[PDB]
Amino acid sequence: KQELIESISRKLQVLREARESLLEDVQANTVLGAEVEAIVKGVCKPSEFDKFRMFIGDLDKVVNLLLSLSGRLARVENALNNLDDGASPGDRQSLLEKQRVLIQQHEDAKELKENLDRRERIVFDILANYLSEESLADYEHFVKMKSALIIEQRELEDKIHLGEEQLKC
Amino acid sequence: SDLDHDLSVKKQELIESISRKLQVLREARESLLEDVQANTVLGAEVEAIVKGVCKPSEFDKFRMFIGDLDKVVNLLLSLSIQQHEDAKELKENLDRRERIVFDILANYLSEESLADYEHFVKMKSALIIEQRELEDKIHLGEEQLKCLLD
């Protein structure tokens with residue numbers, strides 16, 4: 001048993017360094033977004049700019065909340081997958097109803113995500129008339145890496161917290 | 001024990017009054033649902049008009065806005081810090097959207113149809129708000145009775 005504490009205390013640090021590197025990526029993609037923003041503001045009409053900014057913000061928020069709901073839903077579902085083996089009286093129903101509402105909120109968030117995809121294409125369309133193929137490339141890559149980065153970040157954070165709670169017991 | 005009796009009296013009276021108030025609130029809720037339905041059919045009317053007159057892209061933007069509205073408001077109320085603040089910015093951006101949609105509809109539509117759009121939205125939010133407020137008052141009064149009756 002005593003070896004697990006050291007092994008996990010090692011992989012945990014591995015994942016921590018991974019969090020640091022991924023954070024550096026967050027900074028890079030951030031300044032990249034600031035430069036894309038600078039260009040759009042510099043070439044696009046004010047309204048179009050407002051639409052662009054709205055899109056990036058709404059993207060951040062939507063992807064965030066969607067990932068949160070996905071997480072909590074996984075926690076509940078897995079809590080039932082592990083609890084059905086065990087025995088507890090009356091507590092399953094509460095997790096069933098909470099599962100229900102979380103499914104509602106999650107499907108809502110997924111609809112918002114879809115709307116934000118079609119929006120994304122609107123923004124790309126209004127940018128395609130002004131920007132270059134290089135600037136459009138930096139834009140597409142900017143958004144894609146934004147979503148991917150925040151996702152992977154929250155996943156890693158889940159794993160490291162899981163390890164912490166694992167050695168605490 | 002005279003003041004004890006006085007307490008039983010005043011407490012019972014307040015119980016009856018609270019109960020009546022809860023009846024008023026419930027009636028207000030059920031009557032509100034009717035308004036929700038009416039504004040819903042109105043919404044479908046505006047949707048069909050915009051559908052027939054507008055382009056598929058502009059129409060897609062209109063539908064997107066309408067879909068996002070109820071969701072954003074629902075979140076702001078379900079929360080009302082990171083979560084709630086996100087809801088706040090999404091609300092502001094949602095208002096700016098609203099003005100975009102209104103601007104692309106103002107030229108296509110007529111005067112009365114446009115008034116139907118504006119009203120439809122105003123009530124689309126107002127009704128969710130008022131409904132939340134009602135559930136709040138009802139919850140409060142219920143808990144107060146739970147405390148007084150015991």
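Annotations
- The range B:1-87: C-alpha gyration tensor shape, a/c 1.5 cut-off, then a/b vs b/c: oblate
- When the Cα atoms of the protein assembly as shown are aligned to their principal axes, the ranges along those axes come out at 86, 77, 36 Å in descending order.
- Dipole axis of the protein assembly as shown (+1 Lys, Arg; -1 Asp, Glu on Cβ), positive-most option in B:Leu145, B:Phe65, A:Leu69: A:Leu69
- Partner chain coverage, peptide A:54-63 - average Cβ within 10 angstrom: 4
- With contacts taken as Cα pairs under 8 Å and at least 6 residues apart, chain A reaches a relative contact order of 47 percent.
- Given charges at Cβ of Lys, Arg, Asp, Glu: chain A dipole, positive-most of A:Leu136, A:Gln2, A:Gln104: A:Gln104
- If the chain linking A:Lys1 and A:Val31 were pulled fully straight, counting 0.36 nm for each residue of separation and taking away their Cα-Cα distance, it would gain 6.2 nm.
- Translational D in µm²/s for the range B:11-147 (Stokes-Einstein at 4 °C, 1.567 mPa s, Kirkwood Rh from C-alpha pairs): 76
- Too-long pairs where the Cα-Cα distance tops 23 Å, listed order kept, from A:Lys61/B:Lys61; A:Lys98/B:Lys146; A:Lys98/B:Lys88; A:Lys113/A:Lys146: A:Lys98/B:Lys146; A:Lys98/B:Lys88
- Gyration tensor verdict on the range B:66-150 (Cα atoms; rounded if a/c is under 1.5, prolate if a/b is larger than b/c, oblate otherwise): oblate
As a convention, Cβ positions derive from the backbone with ideal geometry for all residues, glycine included, and neighbour counts pool all protein chains shown. All of the numbers you see were taken from the coordinates with simple rules; none came from a lab.
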